[PDB]
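Below is coords-v1.cif, which holds mmCIF, C-alpha atoms.
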```cif
data_entry
#
loop_
_atom_site.label_atom_id
_atom_site.label_comp_id
_atom_site.auth_asym_id
_atom_site.auth_seq_id
_atom_site.Cartn_x
_atom_site.Cartn_y
_atom_site.Cartn_z
CA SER N 1 -19.69 -30.26 -1.63
CA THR N 2 -16.79 -28.84 -3.65
CA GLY N 3 -16.15 -26.24 -6.33
CA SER N 4 -13.41 -25.79 -8.94
CA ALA N 5 -12.89 -22.80 -11.20
CA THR N 6 -10.19 -21.67 -13.57
CA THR N 7 -8.58 -18.30 -12.94
CA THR N 8 -7.01 -16.41 -15.84
CA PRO N 9 -4.48 -13.53 -15.99
CA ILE N 10 -6.08 -10.28 -17.19
CA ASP N 11 -2.99 -9.32 -19.21
CA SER N 12 0.48 -10.37 -20.32
CA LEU N 13 2.04 -9.33 -17.02
CA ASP N 14 -0.27 -11.29 -14.67
CA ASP N 15 -1.35 -7.95 -13.16
CA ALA N 16 -4.36 -9.77 -11.70
CA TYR N 17 -6.47 -12.89 -12.28
CA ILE N 18 -10.19 -13.20 -13.06
CA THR N 19 -12.46 -16.11 -12.24
CA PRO N 20 -16.00 -16.51 -13.61
CA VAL N 21 -18.76 -16.34 -10.99
CA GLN N 22 -22.45 -17.05 -11.50
CA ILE N 23 -24.79 -14.61 -9.76
CA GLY N 24 -28.58 -14.72 -9.65
CA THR N 25 -31.34 -16.59 -11.47
CA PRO N 26 -30.97 -16.99 -14.38
CA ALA N 27 -27.22 -16.90 -13.89
CA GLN N 28 -25.38 -13.67 -14.67
CA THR N 29 -21.72 -14.50 -15.15
CA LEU N 30 -19.23 -11.88 -14.01
CA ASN N 31 -15.45 -12.18 -14.00
CA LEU N 32 -14.28 -11.41 -10.45
CA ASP N 33 -10.89 -10.79 -8.86
CA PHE N 34 -10.58 -13.32 -6.02
CA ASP N 35 -8.86 -11.44 -3.23
CA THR N 36 -7.57 -13.21 -0.08
CA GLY N 37 -6.69 -9.74 1.26
CA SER N 38 -10.26 -8.40 1.50
CA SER N 39 -13.67 -9.65 2.53
CA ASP N 40 -16.30 -7.97 0.32
CA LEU N 41 -17.92 -9.49 -2.76
CA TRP N 42 -18.79 -6.45 -4.83
CA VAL N 43 -19.76 -6.02 -8.45
CA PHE N 44 -20.26 -3.51 -11.18
CA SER N 45 -24.01 -3.27 -11.53
CA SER N 46 -27.01 -1.58 -13.11
CA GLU N 47 -26.70 0.85 -10.19
CA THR N 48 -23.13 1.89 -11.00
CA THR N 49 -22.74 5.54 -12.03
CA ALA N 50 -22.84 5.30 -15.84
CA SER N 51 -19.69 7.35 -16.49
CA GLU N 52 -17.74 5.02 -14.18
CA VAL N 53 -18.53 1.94 -16.28
CA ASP N 54 -16.29 1.29 -19.28
CA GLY N 55 -16.63 -2.20 -20.73
CA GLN N 56 -17.32 -4.21 -17.58
CA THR N 57 -20.11 -6.74 -17.36
CA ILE N 58 -22.72 -5.62 -14.85
CA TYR N 59 -24.99 -7.41 -12.39
CA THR N 60 -28.63 -6.35 -12.76
CA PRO N 61 -30.53 -7.49 -9.66
CA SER N 62 -33.93 -6.63 -11.21
CA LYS N 63 -33.36 -9.44 -13.76
CA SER N 64 -32.68 -11.98 -11.01
CA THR N 65 -35.66 -13.77 -9.47
CA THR N 66 -33.61 -14.72 -6.39
CA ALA N 67 -32.23 -11.22 -5.68
CA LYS N 68 -33.46 -9.38 -2.58
CA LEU N 69 -32.48 -5.93 -1.40
CA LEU N 70 -30.75 -6.19 1.95
CA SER N 71 -32.68 -3.23 3.28
CA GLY N 72 -30.63 -0.42 4.79
CA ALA N 73 -27.25 -2.02 4.17
CA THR N 74 -24.45 -0.07 2.56
CA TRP N 75 -20.75 -0.72 2.04
CA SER N 76 -17.61 1.30 1.35
CA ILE N 77 -14.09 0.03 0.89
CA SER N 78 -10.65 1.46 0.19
CA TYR N 79 -7.78 -0.76 -0.88
CA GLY N 80 -4.06 -0.54 -0.12
CA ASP N 81 -3.40 0.81 -3.61
CA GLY N 82 -5.64 3.83 -3.10
CA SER N 83 -8.63 2.57 -5.04
CA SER N 84 -12.18 2.39 -3.67
CA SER N 85 -15.84 1.58 -4.26
CA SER N 86 -19.19 1.75 -2.46
CA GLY N 87 -22.87 1.08 -2.80
CA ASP N 88 -25.79 -0.92 -1.46
CA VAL N 89 -26.38 -4.67 -0.96
CA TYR N 90 -28.50 -7.48 -2.32
CA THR N 91 -28.62 -11.09 -1.33
CA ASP N 92 -28.62 -13.62 -4.15
CA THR N 93 -27.48 -17.09 -5.22
CA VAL N 94 -23.76 -17.18 -6.08
CA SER N 95 -21.94 -20.13 -7.60
CA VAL N 96 -18.22 -20.64 -8.15
CA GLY N 97 -17.07 -23.64 -10.17
CA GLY N 98 -20.20 -25.65 -9.37
CA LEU N 99 -20.29 -24.69 -5.67
CA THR N 100 -23.44 -22.77 -4.78
CA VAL N 101 -24.21 -20.46 -1.85
CA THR N 102 -27.73 -19.17 -1.35
CA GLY N 103 -28.26 -15.83 0.39
CA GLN N 104 -24.78 -14.46 -0.34
CA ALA N 105 -24.31 -10.73 0.20
CA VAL N 106 -23.66 -9.28 -3.26
CA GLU N 107 -22.50 -5.72 -2.86
CA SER N 108 -23.73 -3.56 -5.69
CA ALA N 109 -21.44 -0.67 -6.65
CA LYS N 110 -22.97 2.76 -6.95
CA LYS N 111 -19.51 4.34 -7.26
CA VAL N 112 -16.07 2.99 -8.20
CA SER N 113 -12.71 4.81 -8.41
CA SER N 114 -10.89 5.44 -11.69
CA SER N 115 -8.62 2.39 -11.39
CA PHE N 116 -11.65 0.09 -11.51
CA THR N 117 -13.35 1.97 -14.34
CA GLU N 118 -10.14 1.83 -16.38
CA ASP N 119 -9.83 -1.93 -16.02
CA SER N 120 -12.48 -3.30 -18.37
CA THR N 121 -11.54 -6.91 -17.55
CA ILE N 122 -12.48 -6.94 -13.83
CA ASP N 123 -16.24 -6.94 -13.08
CA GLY N 124 -15.75 -6.88 -9.32
CA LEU N 125 -14.00 -8.52 -6.38
CA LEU N 126 -14.67 -11.66 -4.38
CA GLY N 127 -13.05 -11.35 -0.97
CA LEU N 128 -11.59 -14.40 0.73
CA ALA N 129 -10.01 -12.86 3.85
CA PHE N 130 -11.79 -13.22 7.20
CA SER N 131 -15.34 -11.92 7.48
CA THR N 132 -14.34 -9.55 10.31
CA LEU N 133 -13.01 -7.24 7.57
CA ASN N 134 -16.30 -7.11 5.65
CA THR N 135 -17.42 -3.47 5.31
CA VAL N 136 -21.21 -3.88 5.17
CA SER N 137 -23.02 -1.66 7.65
CA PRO N 138 -24.98 -1.86 9.95
CA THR N 139 -24.92 -5.66 9.71
CA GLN N 140 -21.57 -7.16 8.72
CA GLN N 141 -21.80 -9.88 6.06
CA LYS N 142 -19.97 -13.18 5.55
CA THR N 143 -17.64 -14.02 2.66
CA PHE N 144 -18.52 -16.62 0.05
CA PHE N 145 -16.06 -19.04 1.70
CA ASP N 146 -17.46 -18.47 5.19
CA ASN N 147 -20.99 -19.13 3.91
CA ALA N 148 -19.90 -22.26 1.99
CA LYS N 149 -17.63 -23.64 4.70
CA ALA N 150 -20.03 -25.89 6.59
CA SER N 151 -21.18 -27.58 3.36
CA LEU N 152 -17.69 -28.20 1.99
CA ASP N 153 -16.15 -31.64 2.18
CA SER N 154 -13.19 -30.00 3.95
CA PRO N 155 -13.14 -26.39 5.21
CA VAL N 156 -10.44 -25.24 2.77
CA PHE N 157 -9.81 -23.46 -0.47
CA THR N 158 -6.67 -23.55 -2.57
CA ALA N 159 -5.01 -21.08 -4.92
CA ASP N 160 -2.91 -22.35 -7.79
CA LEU N 161 -2.04 -19.27 -9.82
CA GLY N 162 -0.20 -19.63 -13.09
CA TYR N 163 2.75 -17.71 -14.47
CA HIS N 164 1.57 -16.21 -17.77
CA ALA N 165 -1.06 -18.95 -17.82
CA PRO N 166 -4.41 -19.95 -16.33
CA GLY N 167 -4.62 -21.56 -12.89
CA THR N 168 -7.23 -22.88 -10.47
CA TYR N 169 -9.17 -21.99 -7.33
CA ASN N 170 -10.60 -25.10 -5.60
CA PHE N 171 -13.04 -25.07 -2.70
CA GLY N 172 -13.52 -27.98 -0.32
CA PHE N 173 -10.70 -30.31 -1.37
CA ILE N 174 -6.96 -30.48 -1.92
CA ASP N 175 -5.98 -31.73 -5.40
CA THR N 176 -3.00 -33.95 -4.69
CA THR N 177 -2.08 -34.00 -8.41
CA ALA N 178 -1.58 -30.22 -8.48
CA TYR N 179 1.71 -30.02 -6.55
CA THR N 180 5.04 -31.78 -6.09
CA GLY N 181 6.52 -33.04 -2.82
CA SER N 182 4.58 -32.36 0.38
CA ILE N 183 2.58 -29.39 1.66
CA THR N 184 4.17 -27.49 4.56
CA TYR N 185 1.63 -25.92 6.87
CA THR N 186 2.33 -22.83 8.97
CA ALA N 187 0.44 -20.87 11.63
CA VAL N 188 -1.99 -18.07 10.84
CA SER N 189 -2.93 -15.06 12.89
CA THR N 190 -6.43 -13.74 12.20
CA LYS N 191 -5.99 -10.74 14.51
CA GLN N 192 -5.94 -8.25 11.62
CA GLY N 193 -8.48 -10.15 9.49
CA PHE N 194 -5.88 -11.40 7.00
CA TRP N 195 -4.23 -14.72 6.20
CA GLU N 196 -1.20 -13.53 8.18
CA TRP N 197 1.78 -15.83 8.69
CA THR N 198 5.51 -15.73 9.34
CA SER N 199 8.03 -16.73 6.71
CA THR N 200 11.24 -18.26 8.07
CA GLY N 201 13.60 -16.34 5.77
CA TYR N 202 14.90 -15.80 2.27
CA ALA N 203 17.66 -16.32 -0.28
CA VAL N 204 18.65 -14.36 -3.36
CA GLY N 205 19.57 -16.44 -6.39
CA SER N 206 22.01 -19.21 -5.47
CA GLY N 207 22.96 -17.36 -2.28
CA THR N 208 22.86 -18.69 1.26
CA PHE N 209 19.55 -18.78 3.08
CA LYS N 210 19.05 -16.03 5.67
CA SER N 211 17.06 -17.26 8.63
CA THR N 212 14.82 -14.42 9.72
CA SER N 213 11.13 -14.07 10.63
CA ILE N 214 9.09 -12.08 8.13
CA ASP N 215 5.46 -11.54 9.12
CA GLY N 216 3.18 -10.95 6.16
CA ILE N 217 -0.13 -11.70 4.44
CA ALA N 218 -0.98 -14.16 1.66
CA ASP N 219 -2.83 -11.83 -0.70
CA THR N 220 -4.06 -13.03 -4.12
CA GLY N 221 -5.41 -9.52 -4.83
CA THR N 222 -2.00 -7.86 -4.74
CA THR N 223 0.18 -8.23 -7.82
CA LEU N 224 3.69 -7.92 -6.38
CA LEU N 225 5.77 -9.19 -3.47
CA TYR N 226 6.28 -6.47 -0.81
CA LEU N 227 9.01 -7.16 1.77
CA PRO N 228 11.16 -5.18 4.28
CA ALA N 229 13.53 -2.70 2.67
CA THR N 230 16.58 -4.66 3.90
CA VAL N 231 15.45 -7.79 2.02
CA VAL N 232 14.46 -5.92 -1.14
CA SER N 233 17.76 -4.05 -1.24
CA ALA N 234 19.65 -7.35 -0.89
CA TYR N 235 17.73 -8.71 -3.90
CA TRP N 236 18.19 -5.77 -6.25
CA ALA N 237 21.86 -5.41 -5.32
CA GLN N 238 22.39 -8.59 -7.36
CA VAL N 239 21.06 -6.98 -10.55
CA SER N 240 23.50 -4.68 -12.35
CA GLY N 241 21.98 -1.24 -12.81
CA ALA N 242 18.92 -1.82 -10.60
CA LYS N 243 17.85 1.13 -8.47
CA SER N 244 14.94 2.56 -6.56
CA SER N 245 13.32 5.38 -8.47
CA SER N 246 11.18 7.82 -6.52
CA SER N 247 9.75 9.09 -9.82
CA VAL N 248 8.58 5.66 -11.02
CA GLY N 249 7.52 4.49 -7.56
CA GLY N 250 9.92 1.64 -6.77
CA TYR N 251 12.76 -0.52 -8.00
CA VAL N 252 13.50 -0.52 -11.70
CA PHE N 253 16.15 -2.49 -13.55
CA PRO N 254 17.62 -2.60 -17.03
CA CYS N 255 15.36 -4.60 -19.34
CA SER N 256 18.55 -6.28 -20.61
CA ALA N 257 19.11 -7.96 -17.21
CA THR N 258 18.72 -11.60 -16.29
CA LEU N 259 16.95 -11.61 -12.93
CA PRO N 260 18.00 -13.96 -10.10
CA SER N 261 15.46 -16.15 -8.35
CA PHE N 262 14.12 -15.37 -4.88
CA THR N 263 13.48 -18.04 -2.29
CA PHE N 264 11.24 -17.68 0.76
CA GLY N 265 10.95 -20.03 3.69
CA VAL N 266 7.85 -21.81 4.93
CA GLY N 267 8.93 -23.57 8.11
CA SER N 268 11.82 -25.78 7.05
CA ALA N 269 10.58 -25.79 3.42
CA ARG N 270 11.55 -23.44 0.60
CA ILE N 271 9.54 -21.86 -2.24
CA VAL N 272 11.58 -20.66 -5.21
CA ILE N 273 10.31 -17.75 -7.28
CA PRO N 274 12.05 -17.86 -10.67
CA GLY N 275 13.68 -14.67 -11.86
CA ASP N 276 11.29 -14.33 -14.81
CA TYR N 277 8.33 -14.01 -12.38
CA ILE N 278 9.95 -10.80 -11.00
CA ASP N 279 9.95 -9.02 -14.40
CA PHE N 280 7.04 -6.59 -14.86
CA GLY N 281 8.29 -5.21 -18.09
CA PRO N 282 8.92 -1.71 -19.38
CA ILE N 283 7.84 1.16 -17.14
CA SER N 284 6.23 2.76 -20.19
CA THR N 285 5.84 1.46 -23.74
CA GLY N 286 9.23 1.13 -25.44
CA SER N 287 11.30 1.99 -22.34
CA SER N 288 14.48 0.07 -21.56
CA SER N 289 13.78 0.51 -17.84
CA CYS N 290 11.79 -2.40 -16.44
CA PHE N 291 9.67 -2.54 -13.31
CA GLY N 292 10.57 -4.97 -10.53
CA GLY N 293 8.20 -7.50 -9.01
CA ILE N 294 9.78 -7.35 -5.57
CA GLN N 295 9.23 -3.99 -3.89
CA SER N 296 9.64 -2.46 -0.43
CA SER N 297 6.77 -2.69 2.04
CA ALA N 298 8.06 0.37 3.92
CA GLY N 299 5.12 2.71 4.43
CA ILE N 300 2.55 0.03 3.63
CA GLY N 301 2.74 -1.12 7.23
CA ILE N 302 2.55 -4.81 6.38
CA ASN N 303 4.53 -7.25 4.25
CA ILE N 304 2.54 -8.72 1.38
CA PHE N 305 3.07 -12.11 -0.27
CA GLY N 306 1.16 -11.18 -3.41
CA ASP N 307 0.82 -12.97 -6.74
CA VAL N 308 4.56 -12.91 -7.54
CA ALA N 309 5.12 -15.17 -4.53
CA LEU N 310 1.88 -17.17 -4.50
CA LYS N 311 2.05 -18.18 -8.14
CA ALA N 312 5.29 -20.02 -7.40
CA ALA N 313 3.37 -22.33 -5.07
CA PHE N 314 0.26 -24.43 -4.53
CA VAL N 315 -1.34 -22.62 -1.59
CA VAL N 316 -3.85 -24.06 0.89
CA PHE N 317 -6.06 -21.66 2.82
CA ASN N 318 -7.21 -23.88 5.69
CA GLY N 319 -10.31 -22.42 7.32
CA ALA N 320 -10.61 -25.01 10.09
CA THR N 321 -11.38 -23.77 13.61
CA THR N 322 -7.68 -22.94 14.00
CA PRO N 323 -6.75 -21.65 10.53
CA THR N 324 -3.43 -22.42 8.82
CA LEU N 325 -1.69 -21.86 5.50
CA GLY N 326 -0.02 -24.57 3.45
CA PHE N 327 2.55 -24.16 0.71
CA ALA N 328 3.88 -26.72 -1.74
CA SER N 329 6.12 -26.47 -4.78
CA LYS N 330 4.55 -27.33 -8.13
#
```

Target encoding structure tokens, full file:
Amino acid sequence: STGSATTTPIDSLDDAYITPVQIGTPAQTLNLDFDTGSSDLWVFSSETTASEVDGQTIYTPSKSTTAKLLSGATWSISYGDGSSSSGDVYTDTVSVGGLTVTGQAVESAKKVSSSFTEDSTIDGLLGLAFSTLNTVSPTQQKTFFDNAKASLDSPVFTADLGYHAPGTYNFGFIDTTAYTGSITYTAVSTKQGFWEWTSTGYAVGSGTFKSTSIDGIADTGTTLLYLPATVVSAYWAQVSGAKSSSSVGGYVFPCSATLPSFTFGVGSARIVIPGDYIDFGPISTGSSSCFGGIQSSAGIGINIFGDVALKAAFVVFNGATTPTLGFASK
């Protein structure tokens, strides 16, 4: 089998992407944030604290004939950005882009943090990291991909995120029309539950390529590109007036600037992030200080190839027995 679904930016900055997901019988369609950096499929629901719901579409398991309480199971998750959610668990039929899994753990939120409440466009998350990170207790649950894997034509999914435009998540096949040149595959470590890999280096603008190993995670659920402070400083040094602001929370630059591109290595291949992709616009409405899309990972504890990087590429998440990551230009 295969599945194919369009993913759409939630706003004019590509702060995140939502993908429609069918849950239950009859189908209840919720717009979920597909997140290769976590492993829980959780939704706003009829169980969510009323004051913590503000415009989201909810899953109501009592209206689904295929929903079953997973008795005794609870979940609780905190994300790298300080947000969190928790609740209980149902199993139900879940379909993405025509690909159906029966008996998927659908984690029903009883509580969500303010960041989720405040984002009316995201109805929940669909995790696509390794199932070892799933937070369901006392019986850990599998991701949608893990459950679908055996039935897929090939044990893969691909992310093709757009810049200020819709893109595509495919499950079970590689669309050879969706990229240019060849796909370069690179090793993955699953030791921390992430799609963790090692970039071979970087370049700033038209500058020379610096060969250096940068371990990090391919994370569709993180907006920006987080790299070692040395790398990030080298980038922003090429932008007149750019500086790290403790008050704002990272590198800012004059909105009048033209940003240089940033290149990262994948084996002997190169992925070029155009300068425009690195612009996250005014820090507040009407400001002439703009927020940068490349930020330091210092104090995160891990480098993160988030949407800023991934959207510059066609990305293959290869879930074969020995997993790998593939990157192509597009």

Handout entry: Neighbour list for stretch 155-159 of chain N as a ChimeraX atom specification, cut-off 7 Å, only C-alpha atoms, skip fewer than 3 positions in-chain
Key = /N:149,152,168-174,314-320

Handout entry: 8 Å contact set for stretch 33-40 of chain N, only C-alpha atoms, chain neighbours under 2 positions out, as a ChimeraX atom specification
Key = /N:16-19,31,42,107,122-135,142-143,194-195,217-222

Problem - Nearest residue to residue N:10 from the set N:154, N:233, N:141, N:120 (distances using only C-alpha atoms) - result: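 Looking only at the distances to residue N:10, the closest residue turns out to be N:120.
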
Practice task
Compile the contact shell of residue N:88 as a PyMOL selection string: residues with an atom at most 10 Å away, counting all atoms listed in the file, same-chain residues fewer than 3 positions apart removed.
Solution key: chain N and resi 42+47+69-76+106-110+136-137

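Going from atom CA of residue N:207 over to atom CA of residue N:254, you cover 21.5 Å.
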
Output check: residues returned by the PyMOL selection byres ((chain N and resi 93) around 10), as an mmCIF file with C-alpha atoms, in the frame of the given file:
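Result file out16.cif:
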```cif
data_model
loop_
_atom_site.group_PDB
_atom_site.id
_atom_site.type_symbol
_atom_site.label_atom_id
_atom_site.label_comp_id
_atom_site.auth_asym_id
_atom_site.auth_seq_id
_atom_site.Cartn_x
_atom_site.Cartn_y
_atom_site.Cartn_z
ATOM 1 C CA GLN N 22 -22.450 -17.050 -11.500
ATOM 2 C CA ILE N 23 -24.790 -14.610 -9.760
ATOM 3 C CA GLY N 24 -28.580 -14.720 -9.650
ATOM 4 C CA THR N 25 -31.340 -16.590 -11.470
ATOM 5 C CA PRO N 26 -30.970 -16.990 -14.380
ATOM 6 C CA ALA N 27 -27.220 -16.900 -13.890
ATOM 7 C CA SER N 64 -32.680 -11.980 -11.010
ATOM 8 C CA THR N 65 -35.660 -13.770 -9.470
ATOM 9 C CA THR N 66 -33.610 -14.720 -6.390
ATOM 10 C CA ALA N 67 -32.230 -11.220 -5.680
ATOM 11 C CA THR N 91 -28.620 -11.090 -1.330
ATOM 12 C CA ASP N 92 -28.620 -13.620 -4.150
ATOM 13 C CA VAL N 94 -23.760 -17.180 -6.080
ATOM 14 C CA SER N 95 -21.940 -20.130 -7.600
ATOM 15 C CA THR N 100 -23.440 -22.770 -4.780
ATOM 16 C CA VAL N 101 -24.210 -20.460 -1.850
ATOM 17 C CA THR N 102 -27.730 -19.170 -1.350
ATOM 18 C CA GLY N 103 -28.260 -15.830 0.390
ATOM 19 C CA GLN N 104 -24.780 -14.460 -0.340
ATOM 20 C CA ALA N 105 -24.310 -10.730 0.200
ATOM 21 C CA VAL N 106 -23.660 -9.280 -3.260
#
```

Exercise for the section: Please write the residues picked by the PyMOL selection byres ((chain N and resi 260) around 12) on this file as a PyMOL selection string. Expected result: chain N and resi 203-207+234-240+257-259+261-263+272-279+292-294

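If you look at atom CA of residue N:307 and atom CA of residue N:9, they are 10.7 Å away from each other.
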
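Between atom CA of residue N:209 and atom CA of residue N:191 the interatomic distance comes to 29.1 Å.
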
Just give me the residues with any atom within 6 Å of (2.6, -21.9, -9.5), file coordinates, counting all atoms listed in the file, written as a compact mmCIF listing (two decimals) with C-alpha atoms, in the frame of the given file.
```
# COMPACT_ATOMS: atom_id res chain seq x y z
CA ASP N 160 -2.91 -22.35 -7.79
CA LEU N 161 -2.04 -19.27 -9.82
CA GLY N 162 -0.20 -19.63 -13.09
CA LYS N 311 2.05 -18.18 -8.14
CA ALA N 312 5.29 -20.02 -7.40
CA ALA N 313 3.37 -22.33 -5.07
CA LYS N 330 4.55 -27.33 -8.13
```

Practice task
Just say which residues the PyMOL selection byres ((chain N and resi 265) around 8) picks in this file, as a list in words.
Solution key: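 What the PyMOL selection byres ((chain N and resi 265) around 8) grabs from the file is residues 199, 200, 201, 202, 263, 264, 266, 267, 268, 269, 270 and 271 of chain N.
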
Return the padded bounding box of stretch 6-22 of chain N as JSON: axis-aligned, built from all atoms listed in the file, 8 Å added on each side, with centre and edge lengths in Å to one decimal.
```
{"center_x": -10.2, "center_y": -14.8, "center_z": -15.7, "size_x": 40.5, "size_y": 29.7, "size_z": 25.3}
```

Handout entry: Nearest to residue N:7, chosen from N:144, N:163, N:185, N:253, with only C-alpha atoms counted in the distances
Key =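 Residue with the minimum atom-to-atom distance to residue N:7: N:163.
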
Handout entry: Among the residues N:241, N:323, N:167, N:80, the one that comes closest to residue N:297 [using all atoms listed in the file]
Key =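 Checking each candidate against residue N:297, we get N:80 as the closest.
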
Handout entry: Residue nearest residue N:1 - candidates N:213, N:245, N:151, N:287, atoms counted: only C-alpha atoms
Key =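 Using only C-alpha atoms, residue N:1 sits closest to N:151.
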
Rebuild N, CA, C and O atoms on stretch 17-34 of chain N, as a compact mmCIF listing (two decimals), keeping the file's coordinate frame?
```txt
# COMPACT_ATOMS: atom_id res chain seq x y z
N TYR N 17 -5.84 -11.69 -11.73
CA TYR N 17 -6.47 -12.89 -12.28
C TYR N 17 -7.99 -12.77 -12.12
O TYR N 17 -8.48 -12.31 -11.08
N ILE N 18 -8.74 -13.20 -13.13
CA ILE N 18 -10.19 -13.20 -13.06
C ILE N 18 -10.75 -14.61 -13.14
O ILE N 18 -10.23 -15.47 -13.85
N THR N 19 -11.83 -14.82 -12.39
CA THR N 19 -12.46 -16.11 -12.24
C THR N 19 -13.96 -15.89 -12.48
O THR N 19 -14.55 -14.98 -11.89
N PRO N 20 -14.57 -16.70 -13.36
CA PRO N 20 -16.00 -16.51 -13.61
C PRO N 20 -16.85 -16.93 -12.40
O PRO N 20 -16.55 -17.92 -11.74
N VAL N 21 -17.89 -16.14 -12.13
CA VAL N 21 -18.76 -16.34 -10.99
C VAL N 21 -20.18 -16.15 -11.46
O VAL N 21 -20.49 -15.15 -12.12
N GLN N 22 -21.04 -17.11 -11.14
CA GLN N 22 -22.45 -17.05 -11.50
C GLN N 22 -23.27 -16.39 -10.41
O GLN N 22 -23.23 -16.84 -9.26
N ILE N 23 -24.02 -15.36 -10.76
CA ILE N 23 -24.79 -14.61 -9.76
C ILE N 23 -26.23 -14.54 -10.23
O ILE N 23 -26.50 -14.09 -11.35
N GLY N 24 -27.16 -14.89 -9.36
CA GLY N 24 -28.58 -14.72 -9.65
C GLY N 24 -29.24 -15.83 -10.45
O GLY N 24 -28.61 -16.84 -10.80
N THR N 25 -30.52 -15.62 -10.76
CA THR N 25 -31.34 -16.59 -11.47
C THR N 25 -32.20 -15.85 -12.49
O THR N 25 -33.00 -15.01 -12.11
N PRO N 26 -32.01 -16.13 -13.80
CA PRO N 26 -30.97 -16.99 -14.38
C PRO N 26 -29.58 -16.45 -14.07
O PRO N 26 -29.44 -15.28 -13.68
N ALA N 27 -28.57 -17.30 -14.23
CA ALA N 27 -27.22 -16.90 -13.89
C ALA N 27 -26.77 -15.69 -14.71
O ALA N 27 -27.03 -15.60 -15.91
N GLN N 28 -26.11 -14.76 -14.03
CA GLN N 28 -25.38 -13.67 -14.67
C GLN N 28 -23.93 -13.92 -14.36
O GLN N 28 -23.56 -13.99 -13.20
N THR N 29 -23.10 -14.13 -15.38
CA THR N 29 -21.72 -14.50 -15.15
C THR N 29 -20.85 -13.26 -15.22
O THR N 29 -20.84 -12.57 -16.23
N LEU N 30 -20.16 -12.99 -14.12
CA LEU N 30 -19.23 -11.88 -14.01
C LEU N 30 -17.85 -12.44 -13.72
O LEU N 30 -17.72 -13.47 -13.07
N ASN N 31 -16.83 -11.76 -14.21
CA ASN N 31 -15.45 -12.18 -14.00
C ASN N 31 -14.87 -11.38 -12.82
O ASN N 31 -14.66 -10.16 -12.91
N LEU N 32 -14.67 -12.07 -11.70
CA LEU N 32 -14.28 -11.41 -10.45
C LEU N 32 -12.82 -11.67 -10.08
O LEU N 32 -12.23 -12.70 -10.43
N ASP N 33 -12.26 -10.71 -9.36
CA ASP N 33 -10.89 -10.79 -8.86
C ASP N 33 -10.97 -11.38 -7.45
O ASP N 33 -11.41 -10.71 -6.51
N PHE N 34 -10.58 -12.65 -7.32
CA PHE N 34 -10.58 -13.32 -6.02
C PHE N 34 -9.43 -12.79 -5.17
O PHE N 34 -8.26 -12.90 -5.54
```
